[PDB]
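To start, the structure itself, in structure tokens.
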Amino acid sequence: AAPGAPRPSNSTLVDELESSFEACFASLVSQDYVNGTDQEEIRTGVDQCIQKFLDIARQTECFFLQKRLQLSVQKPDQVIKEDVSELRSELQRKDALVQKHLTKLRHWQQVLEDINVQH
Amino acid sequence: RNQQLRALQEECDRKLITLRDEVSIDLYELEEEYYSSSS
Amino acid sequence: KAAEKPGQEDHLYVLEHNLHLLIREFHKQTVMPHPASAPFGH
Amino acid sequence: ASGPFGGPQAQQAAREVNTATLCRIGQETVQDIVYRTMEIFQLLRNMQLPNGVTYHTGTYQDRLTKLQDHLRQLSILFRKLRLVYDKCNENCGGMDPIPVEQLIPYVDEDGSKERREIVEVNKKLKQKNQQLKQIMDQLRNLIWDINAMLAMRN
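Chains as they are written, first to last, in the deposited numbering: chain W, 32 to 150; chain Q, 101 to 139; chain L, 351, 356 to 384, 389 to 400; chain Y, 12 to 124, 138 to 178.
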């Protein structure tokens, strides 16, 4: 109910996403005849469903960020190892790009070593 | 002969531009790479 | 029949422009006039 | 348990440790899910009439099929959405309540009242950036190579 203080509901934040995503396609996905006359009516519904979808999305985002903050202030070693692995991957990618550029320059100089025809 | 050596430089010039092109790509290929370093 | 000769990057790919500028100024004030028939101008 | 059930991860291992990586992968997954929703909407936007003037049944017949793949894609993302969601609720180790309200004073400066590997990796990355910039400088300066010489370049 609207004026009631207690919130009698549960089991959300997981099934809610799939529910919202599937449900507001109903205008499209439906095994029912479609009356070939409608305008400026189906709009408000899809606006509302994108609204609720981004809302629950933001909710999930905030929940994930709060969990990450709690685990970081709880287990900093995990975040340290994560940052270490990320830095290792970044260094590996940088080295790979450097090697690619080196091979490219090598090929480029090798092909036109004798660019001059004759003298 | 002049015309001949014209080609000798002309394509060469193009080659240089091609080099630049490749270099430019390489240039760009490193610029984003410069972003990654969080020093 | 020391360590001052080498300096900052001020090498071949500057002076070539200065050199080419001379022959370019020659060329620019050397093309046939051909304005309409033969007033012989610029 | 929570493992590699077909998630487009780069280097993450998704093991009993590094719950930070798990939370970050889940956040990335939901972000990519929203992005895929927007993308598939953009694709279905210009769903031109199948009965094309020139093309009879050639082009679109392929495109729609490709769209199906996209659908499949977002499909498995939903699966991943569950796989992480359990793990997020699984690793309940250490200070389960964790009041953020109390944590806000803690992240403040004051109230008027282990890192060896980290430092090693930091120094390694700093030296890597140094040698990277050293390698940069040369091609960076020689990059133009035609700018001063456009007077005769073509």
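The C-beta atom is built at its ideal place from N, Cα and C for all residues, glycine as well.
Backbone CA spacing between residue i and residue j [nearest angstrom]
i: W:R119; j: Y:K150; result: 12 angstroms
i: Y:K152; j: W:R124; result: 12 angstroms
i: Y:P108; j: Y:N102; result: 13 angstroms
i: Y:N146; j: Y:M160; result: 21 angstroms
i: Y:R93; j: W:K83; result: 20 angstroms
i: W:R38; j: Q:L130; result: 55 angstroms
i: Y:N29; j: W:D108; result: 8 angstroms
i: L:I377; j: L:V368; result: 16 angstroms
i: Y:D43; j: Y:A21; result: 14 angstroms
i: L:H374; j: Y:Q154; result: 39 angstroms
i: Y:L174; j: Y:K157; result: 28 angstroms
i: L:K359; j: W:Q140; result: 29 angstroms
i: Y:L54; j: Y:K77; result: 10 angstroms
i: Q:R101; j: Q:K115; result: 21 angstroms
i: Y:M106; j: W:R99; result: 13 angstroms
i: L:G399; j: L:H381; result: 15 angstroms
i: W:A88; j: W:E53; result: 14 angstroms
i: W:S50; j: Q:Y134; result: 43 angstroms
Among the options, nearest to residue i - alpha-carbon criterion
i: Q:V123; options: Y:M173, Y:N165 and Y:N29; result: Y:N165
i: Y:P15; options: Y:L55, Y:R90, Y:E138 and Y:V111; result: Y:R90
i: W:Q97; options: Y:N57, Y:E112 and Y:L78; result: Y:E112
i: Y:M49; options: W:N147, W:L85 and W:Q70; result: W:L85
i: W:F94; options: W:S61, W:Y64 and W:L44; result: W:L44
i: W:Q101; options: Y:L88, Y:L114, Y:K148 and Y:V95; result: Y:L114
i: Y:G63; options: Y:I167, Y:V143 and Y:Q72; result: Y:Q72
Cβ neighbours of residue i in the same chain (closer than 7 angstroms, five flanking residues each side left out)
i: Y:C34; result: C99
i: W:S103; result: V110
i: Y:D80; result: none
i: Y:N171; result: none
Residue range of the alpha helix (DSSP H) that includes residue i
i: Y:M160; result: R140 to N165
i: W:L128; result: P107 to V142
i: Y:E112; result: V111 to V118
i: Y:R26; result: That residue, Y:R26, is in no alpha helix (DSSP H); it is neither H nor E in DSSP.
i: Y:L174; result: No alpha helix (DSSP H) holds Y:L174; DSSP gives it neither H nor E.
i: W:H150; result: Segment: none, W:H150 is in no alpha helix (DSSP H) and carries neither H nor E.
i: L:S395; result: Careful: L:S395 lies outside any alpha helix (DSSP H) and carries neither H nor E.
i: Y:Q72; result: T70 to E101
i: Q:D126; result: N102 to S136
i: W:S51; result: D46 to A54
i: L:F380; result: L369 to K382
Nonlocal neighbours in the same chain, by C-beta distance under 8 angstroms from residue i, ignoring five residues either side
i: W:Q90; result: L44
i: W:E144; result: none
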